[PDB]
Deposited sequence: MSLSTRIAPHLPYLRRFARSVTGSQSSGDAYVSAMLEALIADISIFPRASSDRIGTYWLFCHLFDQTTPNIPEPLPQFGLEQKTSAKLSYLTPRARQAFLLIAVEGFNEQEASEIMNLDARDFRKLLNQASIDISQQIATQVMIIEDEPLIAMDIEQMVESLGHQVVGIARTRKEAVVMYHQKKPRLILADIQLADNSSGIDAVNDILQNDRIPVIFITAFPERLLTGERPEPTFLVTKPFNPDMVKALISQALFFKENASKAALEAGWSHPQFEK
């Protein structure tokens, strides 16, 4: 039954792992490492207040006292657990082993962190018009700029090289039901531009069994989820660019 306790929650755990580490290969490797640790000694799984919490607790317990905090500071981890992973504060506090007041401190520091981040320029690739309008207004109300919305591949290629977006928000599926993921990668080629992918079924891209995206925003959209994922993506990109400029 232990498997039946853990199996359902592994897809979203990979999402958190990817959001914390900044890549699929790294994020998935941590989750696989957790399974290796459970294979080695099953009794490390905790009796938390829920299976899901137990799973995230274990994850953070094994890899955060490369430590997770080195990759993403605990403050930002705290905001991710609420804004992206959908825990409430009591639950995320338990995951991070903090009293609710101390958790709230982390949240506040994260809010500070994100507000000090320079706003970015987003290109949206979305064919469903109501969806694209939603994500545009949400992105702008979060303080970023939308450089434009492309409906087709040809539109996106042109928009990308002319408007030079610093971040792409893309649907995993385009008009002809063809892959939005392939389309974005065909456009960027070797470019290191953060992409966040929109899907109604994120779990289907969180198997860790094939190439899958680093960032996934769930539709219907939540402003805090978008805020968190854009913030993480910009942070990793900044640190990569800072490191490459050295």
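Peer 1: Just jot down which stretches of the deposited chain sequence have no CA coordinates, in the order they come.
Peer 2: Missing C-alpha atoms (numbering from 1) occur across the ranges 1, 67-85, 267-276.
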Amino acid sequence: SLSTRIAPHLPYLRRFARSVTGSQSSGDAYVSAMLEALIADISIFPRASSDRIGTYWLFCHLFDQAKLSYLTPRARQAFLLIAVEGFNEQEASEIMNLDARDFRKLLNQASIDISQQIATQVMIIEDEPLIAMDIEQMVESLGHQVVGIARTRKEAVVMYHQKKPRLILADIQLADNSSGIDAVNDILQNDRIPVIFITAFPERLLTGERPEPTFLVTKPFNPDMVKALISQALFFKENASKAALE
From here on, numbers count along this sequence of modelled residues.
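Peer 1: Test of understanding: from the entry's C-alpha B-factors, which stretch has the higher mean, 115-123 or 88-96?
Peer 2: Comparing averages over the C-alpha atoms only gives 88-96.
Peer 1: Got a sec? Mean C-alpha B-factor, which is higher, 54-62 or 38-46?
Peer 2: If you average the C-alpha B-factors of 38-46 and of 54-62, the larger mean comes out for 38-46.
Peer 1: Return the residue from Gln162, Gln145, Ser141, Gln77 that has the highest Cα B-factor in the entry.
Peer 2: Most elevated C-alpha B-factor of the set, per the entry: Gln162.
Peer 1: Select one of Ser26, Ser32, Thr218, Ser179: the residue whose C-alpha shows the highest B-factor in the crystal structure entry.
Peer 2: Among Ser26, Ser32, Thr218, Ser179, the highest C-alpha B-factor in the entry belongs to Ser179.
Peer 1: Ranked by Cα temperature factor within the chain, is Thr199 in the lowest third, the middle third or the highest third?
Peer 2: Tercile = lowest for this residue's CA B-factor.
Peer 1: Please say which third, lowest, middle or highest, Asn190 falls into when its CA temperature factor is compared across its chain.
Peer 2: Answer is highest: the recorded C-alpha B-factor places it there.
Peer 1: Place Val158 in the lowest, middle or highest third of its chain's C-alpha B-factors, as listed in the PDB entry.
Peer 2: It falls in the top third of the chain.
Peer 1: Relative to the other modelled residues in the chain, which third contains the C-alpha temperature factor of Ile131: lowest, middle or highest?
Peer 2: Within its chain, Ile131 is a middle-third residue by C-alpha B-factor, going by the deposited values.
Peer 1: Among all modelled residues of this chain, ranked by Cα B factor, put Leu167 in the bottom, middle or top third, i.e. lowest, middle or highest.
Peer 2: Lowest third.
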